[PDB]
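A lone chain, given as structure tokens: the form deposited in one PDB entry.
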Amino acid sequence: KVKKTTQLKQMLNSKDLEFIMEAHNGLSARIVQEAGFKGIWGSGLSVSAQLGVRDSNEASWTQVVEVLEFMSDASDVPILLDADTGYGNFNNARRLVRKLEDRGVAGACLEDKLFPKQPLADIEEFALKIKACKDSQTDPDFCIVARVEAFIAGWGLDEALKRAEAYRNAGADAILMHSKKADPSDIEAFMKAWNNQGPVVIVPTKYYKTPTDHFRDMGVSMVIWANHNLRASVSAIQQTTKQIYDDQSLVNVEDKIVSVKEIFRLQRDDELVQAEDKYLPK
């Protein structure tokens, strides 16, 4: 009953640490849902990856939106899309925001990097962008999460903060502060400086050893597990493909994998079996 946009809104603004898991297609979206996660992360790298292309705007934004439409169709929990820089200027970003709203997607995460191709995009430009998105939403609960690439690009806390504040002031519903460092330093230094001006979102891929409660004490609002399903999937597929190739039989894979009937259950095949008995004449 609760709108997906709204569910994501509540998680960002909640005073408790929330988690969203990555998914990259309709199938993974259902699995993340059944597992119990309260939200899905539409990973830009995972989506371009499963398509077999590079994470550098190769697939058009509409090809990415369609993958997300199928993902949205197969889940009841909100999906926060990793939308790069919005695939163009403020106009492309607002057009994207309206299409996602209509597809059932709950929010979009935009970063302040240059597009296409450590200078980044102008703060005022990217601020006007968030604001454009914010002024274009037809659903007040759709979320725009601003991602600051200051630390990653080599700038200091100063650049980060200045950016986060400009974005939060433009209307961002949350700030995703990232760091490629192997520990949470840029983040702890940010958390102190931030002053809790708004919910903060982190991607602990590189400092994954840092305990999670440490994120609770820093006041962090939401954590993103960024790409582990794509990575888990590739390993399993590489393994099974090698296994079958070498064996020239299925004897060594059949019991190490999900049955065909578990596939049908995930596709909700029974609902159709039942609709067909009710809708197909005698």
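For every residue, the number given is its place in the sequence shown, counted from 1. Definition used throughout: the rigid core is the maximal C-alpha set that superposes within 1.5 Å between two forms.
Keep in mind that the form deposited in another entry is missing from the display, and what follows is about it.
Engineer: Quick one: once the rigid core is lined up, does residue 190 have its C-alpha move by 2 Å or more between this form and the one not shown?
Structural biologist: For residue 190, whose C-alpha is compared between this form and the one not shown after core superposition, the shift is less than 2 Å.
Engineer: Would the C-alpha of residue 223 be classed as shifted by 2 Å or more between this form and the one not shown after rigid-core alignment?
Structural biologist: Where the cores coincide, residue 223 shows only a C-alpha shift between this form and the one not shown that is less than 2 Å.
Engineer: Rigid core aligned, does the Cα position of residue 250 differ by 2 Å or more between this form and the one not shown?
Structural biologist: Yes, residue 250 moves 2 Å or more.
Engineer: Please check whether, in the other entry, the CA atoms of residue 241 and residue 44 lie closer or farther apart than here, given a change of 3 Å or more.
Structural biologist: Closer together, which means the C-alphas of residue 241 and residue 44 are at least 3 Å nearer in the other entry.
Engineer: Flagged pair residue 224/residue 46: C-alpha distance shifts by 3 angstroms or more in the other entry. Which direction, closer or farther?
Structural biologist: Farther: residue 224 and residue 46 separate by 3 Å or more in the other entry.
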